[PDB]
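1. Structure of the sequence below:
(2 chains)
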Amino acid sequence: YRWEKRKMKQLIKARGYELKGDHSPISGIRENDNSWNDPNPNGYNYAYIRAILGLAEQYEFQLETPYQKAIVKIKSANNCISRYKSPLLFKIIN
RNA sequence: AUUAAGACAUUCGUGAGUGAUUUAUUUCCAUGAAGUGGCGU
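-> Numbers count the residues shown, from 1 in each chain, chains lettered A, B, ... in the order given. Next up is the structure itself:
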């Protein structure tokens, strides 16, 4: 799986919107795979990876063109999942 | 003219006197002002 952030950036670049960044979106794990296009045979497998560690409402992408930014809104695609508490609990004792 | 004639079962008289619709009863039980970060790789 590749996180939805990768395809969010790719879709926005597919339109006449250019995003701020010196490095291309990261693909895979290797040290330098900053690529904009999927490998070759077919597109990567994508999923909403960041949901399992806490559901958000908006994704802000902050276009390079100043004083304007792109907002991606997350909705449950049928009103079933409105929130999700993070499943990790941090504890501080002594 | 005949064991007959006359004669209101009537007068007076408060359904009234005493009496608390009162006693007992928790508008209470359950419920996180919470959830999430995003981009600048």
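
2. what about the strands in chain A?
-> With DSSP state E as the criterion, chain A has strands at A:2-3, A:46-47, A:58-60, A:71-73.

3. hey, which of these is tucked in deepest?
-> Stretch with highest mean neighbour count among the strands of chain A: strand A:2-3 (a mean of 16; mean count of other C-beta atoms under 10 Å). C-beta: built from backbone N, CA, C; applies to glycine.

4. does any bit of that strand sit next to RNA strand B?
-> No - counting by C-beta under 7 Å from any atom of the strand, RNA strand B is not contacted by strand A:2-3; separation bottoms out at 8.1 Å.

5. Show me what that strand is packed against.
-> Secondary-structure packing of strand A:2-3 (3 or more C-beta pairs under 8 Å, 6 or more residues apart in numbering; DSSP states H and E): strand A:46-47.

6. Show me what the strand it packs on pairs with in its sheet, parallel or antiparallel.
-> Paired strands of strand A:46-47, with direction, are strand A:2-3 (parallel) (DSSP bridges).

7. For residue A:29, give its distance to RNA strand B.
-> Distance, residue A:29 to RNA strand B, using C-beta to the nearest atom of the strand, to the nearest Å: 12 Å.

8. That residue: how many residues sit nearby?
-> Using other C-beta atoms under 10 Å, residue A:29 is surrounded by 6 other residues.

9. Likewise for the one 5 residues further on?
-> Other residues within reach of residue A:34 by the criterion other C-beta under 10 Å amount to 12.

10. what do you get for the one 5 residues further on?
-> Around residue A:39 there are 11 other residues, counting by other C-beta under 10 Å.

11. now the nearest residue to it once chain neighbours are set aside: how far from residue A:14?
-> Nearest residue to residue A:39, sequence neighbours excluded (C-beta to C-beta, 6 or more residues apart in numbering): residue A:27, at 7.9 Å. Counting by C-beta to C-beta, to the nearest Å, the gap from residue A:27 to residue A:14 is 16 Å.

12. Those two: who's more crowded?
-> Neighbours were counted for residue A:27 and for residue A:14 using other C-beta under 10 Å; residue A:27 has more, 16 against 9.
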